[PDB]
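Note: hydrogens, waters and symmetry copies are ignored here, and every other heavy atom, side chains too, is used. So that the names make sense, note that chain A is the first sequence line, chain B the second, and so on, each numbered from 1.
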Amino acid sequence: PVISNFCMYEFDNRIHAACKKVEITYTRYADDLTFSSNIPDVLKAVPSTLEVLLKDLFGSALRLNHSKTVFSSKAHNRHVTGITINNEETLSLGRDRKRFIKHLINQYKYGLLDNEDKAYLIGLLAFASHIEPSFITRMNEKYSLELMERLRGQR
Amino acid sequence: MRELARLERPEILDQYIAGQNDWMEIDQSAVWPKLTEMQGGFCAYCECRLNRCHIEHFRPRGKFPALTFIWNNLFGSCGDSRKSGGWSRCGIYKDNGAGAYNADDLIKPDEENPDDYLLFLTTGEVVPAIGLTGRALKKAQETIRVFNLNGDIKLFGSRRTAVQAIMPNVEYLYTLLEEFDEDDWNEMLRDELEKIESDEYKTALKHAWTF
Amino acid sequence: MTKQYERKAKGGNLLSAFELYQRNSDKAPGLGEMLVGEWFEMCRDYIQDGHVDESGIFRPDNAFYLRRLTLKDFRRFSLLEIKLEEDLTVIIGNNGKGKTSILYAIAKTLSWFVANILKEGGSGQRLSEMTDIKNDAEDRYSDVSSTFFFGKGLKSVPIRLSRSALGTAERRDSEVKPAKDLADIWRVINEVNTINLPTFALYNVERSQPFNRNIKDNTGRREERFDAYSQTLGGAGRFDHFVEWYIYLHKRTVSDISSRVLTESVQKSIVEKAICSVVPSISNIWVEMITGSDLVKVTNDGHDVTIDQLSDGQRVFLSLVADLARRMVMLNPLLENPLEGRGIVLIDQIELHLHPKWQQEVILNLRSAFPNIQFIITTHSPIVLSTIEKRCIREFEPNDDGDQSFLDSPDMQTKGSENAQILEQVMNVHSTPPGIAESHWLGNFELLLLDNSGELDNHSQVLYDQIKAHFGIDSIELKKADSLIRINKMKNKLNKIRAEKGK
RNA sequence: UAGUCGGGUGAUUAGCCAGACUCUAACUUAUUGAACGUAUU
Ligand SMILES: Nc1ncnc2c1ncn2[C@@H]1O[C@H](COP(=O)(O)OP(=O)(O)O)[C@@H](O)[C@H]1O
Ligand SMILES: [Zn+2]
């Protein structure tokens with residue numbers, strides 16, 4: 001991990017320098033470059049810059065995956081490395097995963113959840129508390145605080 | 001083309017200095033309101049309704065960087081390079097397509113009169129005005145070639161079918177000169193002329209109606 | 001593990017459900033089953049579910065179509081991207097712009113689906129290392145990436161076909177595993193319980209070859225269901241196979257007397273109705289067995305004629321429609337209307353050999369006969385475009401060198417528009433030829449009347465006489481010429497009554 | 001209109017209700033390793 005992070009220090013530096021001037025923010029989760037901007041029609045020129053910079057730096061060894069270059073906007077689904085970005089500009093787990101968690105909690109309410117799926121739900125609710133804290137409060141309202149306390153951590 | 005009248009220079013233009021500050025820095029949303037009053041949402045070179053539009057510099061910044069932040073060299077032209085390059089007409093064609101032109105050989109709609117330098121035939125083709133000789137004819141031909149007024153089929157065909165769309169109207173109005181008295185026919189001509197102001201091609205239709 | 005697959009499958013994931021089914025099946029008397037009755041039933045219901053909409057057409061719940069195509073260093077394209085529509089996509093442009101290249105790439109991609117439907121681990125067609133790599137590319141390899149949609153449970157099926165140039169040390173592999181997985185799902189589910197299979201067809205320029213009934217020992221069995229995939233992406237649909245299949249159907253129908261009703265008669269009737277409805281001139285088709293070689297006869301404009309006496313244009317279109325109808329009928333046995341099955345059909349130059357009268361209705365007839373088929377079509381005609389929505393058109397700029405990233409739709413609505421307008425705007429072609437000197441005569445006239453003062457003189461009268469002699473009296477050109485004459489004689493009597501009072 | 005976002009109800013991954021968005025334009029992915037959250041500690 002650290003070797004791969006260092007091998008793209010110059011790539012990250014050049015991309016960030018050339019990308020912040022056009023008002024585009026750039027990140028990389030070590031294999032997955034993310035660009036976003038509030039200015040329309042400026043991201044369409046980024047993949048060519050990425051390709052030419054990769055050729056300049058790594059030659060032919062490192063290259064983009066042209067089948068994995070995805071454009072998106074508020075008209076479509078928006079998720080960055082597993083977290084859905086709402087139309088309200090807030091982080092979320094997505095409607096489908098939040099309904100899945102609701103189904104799991106409802107199953108636990110009636111004692112239809114075995115040990116393995118109970119552990120999976122406690123793990124997923126820890127992750128949900130990390131990503132979307134308001135979901136925990138909403139589930140406390142929906143499924144009562146006592147039931148959530150019995151499932152989640154008690155000490 | 002159509003005559004363009006100016007107003008006060010926008011207050012954000014003088015806040016920037018040519019040379020030190022590049023053009024891609026400026027905020028266009030503010031230079032545009034002033035380029036919309038002057039043009040009425042129509043191109044300054046072909047009189048097409050501006051659905052895809054960009055700020056055009058009459059003197060290119062590459063050759064003449066000095067006139068980069070000067071309300072007089074600014075213009076509103078159709079097409080958009082930011083929305084992909086599918087435009088062989090007007091400003092984009094002047095900067096990219098035609099090439100090998102002199103800026104003093106192109107009529108400026110800002111100051112020079114386009115009516116006496118260009119004639120719009122009802123067949124949809126613009127030709128230099130009758131009786132033009134010397135530098136005026138050369139300027140008209142250079143403008144027509146560089147701005148591609150005759151050229152890409154999209155503009156020529158749209159302008160032609162715009163002019164021939166009102167040919168029955170022109171025939172019907174002008175065939176009733178003897179039926180109507182001078183004042184009523186005169187006011188009908190004004191009524192017809194002032195409602196083509198909102199129409200797309202300002203001067204092609206105007207040439208077809210008037211005198 | 002098992003539980004992750006169960007969580008995904010109960011959420012609607014087709015791949016996870018199939019993985020669970022295959023695993024649980026493996027244990028024959030162990031955990032799982034034969035129709036796993038949870039996992040196999042969910043897979044088959046995913047493939048087979050659908051409802052009849054308000055118009056009477058069956059619509060699958062999870063449609064199958066091609067979403068996106070990326071071409072990297074393929075023929076003339078450095079990097080091209082297309083966003084094909086679900087129902088109809090029409091690619092237009094000049095000659096040598098790459099429409100046939102796009103259809104060829106899509107067909108090469110679909111050949112893997114066909115091959116893995118036919119056989120387990122079957123190998124489809126591959127890109128050529130002699131002509132498909134861009135000649136002036138630096139990398140010396142080409143890619144053809146595709147993404148397929150098969151409902152919400154399988155939203156992306158990425159497949160990439162790659163080939164390195166001849167004499168290159170480093171070779172490039174093809175990522176064809178997801179297509180193999182989807183076709184494995186189709187084939188395995190079909191084996192246990194018959195399901196409707198997709199139809200993949202390519203109709204290139206390679207069609208329209210002469211047709212003689214020279215196919216007797218043709219080796220293969222045309223009744224066999226999986227014969228509908230034989231040479232289905234070669235470019236020329238097997239019309240001889242259709243003739244043999246039709247004669248087989250006729251023999252089985254005339255030699256016969258779950259409901260004691262022959263399904264061969266139903267198939268024959270469906271194909272007959274499709275052929276008669278799509279092809280304009282053909283009204284009825286049958287098989288004659290007296291004069292005891294088998295012959296197929298059609299009614300062309302009220303005259304009973306044989307299948308080899310059709311013209312080039314009524315025989316090519318008939319071959320296309322008949323082949324498509326046969327394959328759809330054979331691949332969709334459980335559908336009430338087999339032509340409502342899903343699939344992808346590529347047609348190159350749909351207006352081939354067709355009169356302008358036939359071009360006004362070919363698209364509508366094809367889409368009415370096959371409503372769930374994704375048609376990807378190229379054309380050289382404004383008449384075909386006038387019957388097609390603007391959003392379905394992907395145009396090539398007239399000054400493209402292959403370095404365009406994304407193909408787009410025109411800015412002008414083409415449906416219901418006049419042919420001259422579509423020619424001028426969409427196709428970038430003058431309505432009146434520019435190379436003919438007689439085409440500039442009306443404009444050259446105007447000038448003469450304006451070079452003077454709206455008034456006829458010697459040379460303007462000479463030009464008007466020339467226009468009279470060439471175009472004629474009833475021609476529109478003379479109508480506009482005399483309209484201009486009358487008008488300019490009128491705006492000058494006006495000018496007269498004005499300058500006189502203006503001094 | 002689609003498509004997307006997701007606040008609520010719903011023995012609950014489904015169905016429904018309310019609200020909202022629309023650069024030509026998401027497709028939800030990977031461990032035991034790395035880091036993050038959580039629990040023992
Ligand atoms: N390997 C290649 N390198 C470069 N150009 C190619 C290559 N293969 C084909 N072309 C070009 O691509 C075009 C192919 O035409 P085609 O795809 O059939 O277009 P259309 O459907 O418009 O007739 C031609 O203009 C040809 O010169
Ligand atoms: Zn213009």
Supply the atom-to-atom distance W112(C) CH2 to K180(C) NZ, rounded to the nearest 0.5 angstrom.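 Between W112(C) CH2 and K180(C) NZ, I get 5.0 Å after rounding to 0.5 Å.
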Is it true that the neighbouring bases [N] and [M] have six-membered rings whose centres sit under 5.5 Å apart and whose planes meet at under 30°?
{"N": "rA26(D)", "M": "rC27(D)", "value": "no"}
{"N": "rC23(D)", "M": "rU24(D)", "value": "no"}
{"N": "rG19(D)", "M": "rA20(D)", "value": "yes"}

Report yes if a side-chain nitrogen or oxygen of [X] is closer than 4.0 Å to either non-bridging phosphate oxygen (OP1 or OP2) of [N]; otherwise report no.
{"X": "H130(A)", "N": "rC36(D)", "value": "no"}
{"X": "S72(A)", "N": "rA26(D)", "value": "no"}
{"X": "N87(A)", "N": "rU22(D)", "value": "no"}
{"X": "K8(C)", "N": "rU29(D)", "value": "yes"}
{"X": "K68(A)", "N": "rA26(D)", "value": "no"}
{"X": "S92(A)", "N": "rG6(D)", "value": "yes"}
{"X": "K152(C)", "N": "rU4(D)", "value": "yes"}
{"X": "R78(A)", "N": "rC21(D)", "value": "no"}
{"X": "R99(A)", "N": "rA14(D)", "value": "yes"}
{"X": "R7(C)", "N": "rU13(D)", "value": "no"}
{"X": "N86(A)", "N": "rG6(D)", "value": "yes"}
{"X": "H103(A)", "N": "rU12(D)", "value": "no"}

Are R7(C) and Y120(A) in a cation-pi setup, meaning NZ or CZ lies under 6.0 angstrom from the ring centre and within 45 degrees of the ring axis?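 Output yes; distance and angle both within limits.
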Taking a positive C1'-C2'-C3'-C4' angle as north and a negative one as south, how is the sugar of [N] classified?
{"N": "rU13(D)", "value": "south"}
{"N": "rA14(D)", "value": "north"}
{"N": "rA30(D)", "value": "south"}
{"N": "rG6(D)", "value": "south"}
{"N": "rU9(D)", "value": "north"}

Answer yes when [X] and [Y] have at least one side-chain N-carboxylate O distance shorter than 4.0 Å, and no when they do not.
{"X": "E132(A)", "Y": "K98(A)", "value": "yes"}
{"X": "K3(C)", "Y": "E6(C)", "value": "yes"}
{"X": "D87(C)", "Y": "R391(C)", "value": "yes"}

Of the listed nucleotides ([options]), which one gets closest to any side-chain atom of [X]?
{"X": "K142(A)", "options": "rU9(D), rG8(D), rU13(D)", "result": "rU9(D)"}
{"X": "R155(A)", "options": "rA35(D), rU40(D), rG10(D)", "result": "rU40(D)"}
{"X": "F71(A)", "options": "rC5(D), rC23(D), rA11(D)", "result": "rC23(D)"}
{"X": "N77(A)", "options": "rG37(D), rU28(D), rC16(D)", "result": "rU28(D)"}
{"X": "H79(A)", "options": "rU29(D), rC5(D), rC23(D)", "result": "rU29(D)"}
{"X": "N106(A)", "options": "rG7(D), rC27(D), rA11(D)", "result": "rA11(D)"}

Which glycosidic conformation, syn or anti, is assigned to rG8(D) if syn requires a torsion within 90° of zero?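 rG8(D): anti glycosidic orientation.
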What do you reckon, do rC5(D) and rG19(D) form a Watson-Crick or wobble pair with both distances under 3.5 Å?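 Result yes; both H-bond distances under 3.5 Å.
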Neighbour count >12 (heavy atoms, 6.0 Å) for atom CD, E88(A):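 Open: at most 12 neighbouring heavy atoms sit under 6.0 Å from CD of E88(A).
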Take atom NZ in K68(A); do more than 12 heavy atoms of anything else shown fall under 6.0 Å from it? no
What is the nucleic acid contact for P1(A), judged by heavy atoms within less than 4.0 Å: base, sugar-phosphate only, or nothing?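 Sugar-phosphate contact only.
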Over all strands shown, is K74(A) touching base, sugar-phosphate only, or nothing at heavy-atom distances under 4.0 angstrom? base
Both distances under 3.5 Å, Watson-Crick or G-U wobble: report the partner of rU32(D), or none.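 Check on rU32(D): unpaired, no WC or wobble geometry under 3.5 Å.
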Does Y110(A) lie flat on the base of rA11(D), that is, centres under 5.5 Å apart and planes under 30° off?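 One would call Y110(A) stacked on the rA11(D) base.
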